[PDB]
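To begin, one chain is listed below as structure tokens, in the form deposited without this ligand.
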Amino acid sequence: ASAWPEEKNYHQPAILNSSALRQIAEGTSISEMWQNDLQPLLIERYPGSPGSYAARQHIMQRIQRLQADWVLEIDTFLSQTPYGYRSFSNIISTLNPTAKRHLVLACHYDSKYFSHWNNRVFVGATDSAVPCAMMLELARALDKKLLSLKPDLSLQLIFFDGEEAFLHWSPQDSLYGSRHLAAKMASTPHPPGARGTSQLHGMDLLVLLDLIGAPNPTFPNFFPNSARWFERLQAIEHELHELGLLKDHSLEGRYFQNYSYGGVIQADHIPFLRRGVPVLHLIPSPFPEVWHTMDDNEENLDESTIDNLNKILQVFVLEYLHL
């Protein structure tokens, strides 16, 4: 009986030296992400809407144009909602589908439904169009390195549909896409042909980007079983800072601070956390002041903070994958 699902417990990063850190900092472009990955997503895209369809096509097209061998899958399902039965579609993008282990980055691509108010439309810029754009920019910036994957370990991106409640949060009205996908992965043998391990055993770590894009985010270290990876984010941020590779950034105002949060935050990681998947929840506490208001828009995003986080995230992923 193979002990491969335990490998994630001992997995260590392959740390980048200074010359490599400068290369990564220079290889990501916040302006290109802004124009080509983010702006197209800053539209009304609640589940089942025309914008949901447009967001999904945009995400798939941006992944499809890359050199790395991404395999795209649309996980479409029905769920009861306060408005009756509806259809939802999670987007899953995977490098090396049969590899046993994957580091997984995730966000939700739906936007919360609101009827238009005084000609304003809710586009959830931090929630979570920016996280979506960061995943696409990471795939683009690291494309050459990811092409080399073509430790039986690779990368997977998941864009959840239906994270938001159609009304206000309730156990049954929220997390539609993640509750569905977690159950599906838990009941899917992995790798193909396995007798007793599932796709969830294959998830090394679920890194969920959430509510990112506002000024001065502070991310708490939520879980003891991913604490050592939170510490790696702290170390990466500190070194990129010391090398002068971050913009408008100080250690007093660092993003990854030494501090826990004992409460529960309802989000897409929950259905995975409750089935035993290690999670690194990159959500700030407190939430952006514009949370769930029409002001969660492009104008209120902090460009240099998103740029700094792109650099930190890309370095984390390369180090985790030994690339």
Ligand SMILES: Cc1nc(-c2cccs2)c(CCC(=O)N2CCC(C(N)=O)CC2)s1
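A residue's number is simply how far along the shown sequence it sits, counting from 1.
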Where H168 meets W169 in the shown sequence, the number of deposited residues left unmodelled: none
Stretch exceeding the other in mean C-alpha B-factor - 236-244, 115-123: 115-123
Mean temperature factor over C-alpha atoms, higher-scoring stretch between 141-149 and 219-227: 141-149
Highest recorded Cα temperature factor - choice among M60, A267, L282, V290: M60
Which of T98, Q156, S178, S174 ranks first by CA B-factor in the deposited coordinates: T98
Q39 by Cα B-factor - lowest, middle or highest third of the modelled chain: middle
Ranked C-alpha temperature factor of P131 among modelled chain residues, by third: lowest
Where the record places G196 (Cα B-factor, split into thirds across the chain): middle
Third assignment of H11 from its chain's C-alpha B-factors: middle
Chain-relative CA temperature factor third for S19: highest
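What comes next is about the form deposited with this ligand bound, which does not appear here.
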Partner-facing stretch of 87-95, 194-202, 159-167, 181-189, counted where any non-hydrogen atom is within 4.5 angstroms of this ligand in the deposited bound form: 159-167
Contact test in the deposited bound form: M294 vs this ligand, heavy atoms, 4.5 Å: no
Distance check, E239 to this ligand in the deposited bound form, heavy atom within 4.5 Å: no
In the deposited bound form, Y53 touching this ligand (heavy atom, 4.5 Å): no
Interface membership of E137, this ligand in the deposited bound form, 4.5 Å heavy atom rule: no
Heavy atom within 4.5 Å of this ligand in the deposited bound form - the one residue of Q266, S260, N36, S29 that qualifies: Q266
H108, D210 and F287 all contacting this ligand in the deposited bound form, non-hydrogen atom within 4.5 Å: yes
